[PDB]
């Protein structure tokens, strides 16, 4: 039970070099955040790792939701089951700047976290979404007021995030 091994960046933002799936299985948090696309297709990265850990139950539930909803908006979210990982999964769509989606929508994406007391989360709009990860962490720190536990799988990205956050003091 309980989050451990996090570096406290602000009063409400914590960060750890860890697999978000391993964190969820250890802690069983109320909310785990998925780094989603508008169609909630959980093919790769965080989304793939979460869906795999649910043995595809997350994808089947996502497909049912999108059939009633249509695609999410960029900057938008939905609350679905956290299945065996968490009580809830908050699927959030950050902007993909590779497709010329507006970086400002990254503010809208993180704003969704404020509807949840505590979240286990990845960094939004990094990897294939092509946003500057150091900017993403700044938007998170400036936008989120609830407790967020950031799980960053890649050691090199984690070290870059932590040392750039400390160097700006």
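Definition used throughout: the rigid core is the maximal C-alpha set that superposes within 1.5 Å between two forms. Residue numbers count along the first chain shown, from 1.
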Do the Cα atoms of 8-16 or of 149-157 sit farther, on average, from the shown structure in 8 other deposited structures of this protein when the rigid core is superposed?
149-157
Which segment is farther from the shown form on average in 8 other deposited structures of this protein after a rigid core fit, 105-113 or 42-50, going by CA atoms?
42-50
Higher-scoring stretch by recorded Cα B factor average, 32-40 or 139-147
139-147
Take the C-alpha B-factors listed in the entry for 96-104 and for 118-126, compute each mean, and give the stretch with the larger one.
96-104
What third of its chain, lowest, middle or highest, does the C-alpha temperature factor of residue 112 fall into?
middle
Can you work out whether the C-alpha temperature factor of residue 67 puts it in the lowest, middle or highest third of the chain?
middle
Is the Cα B-factor recorded for residue 27 in the lowest, middle or highest third of its chain?
highest
By the recorded C-alpha temperature factor, relative to the other modelled residues in its chain, which third is residue 9 in?
highest
Entry-reported C-alpha B-factor of residue 58 relative to its chain, by third, is lowest
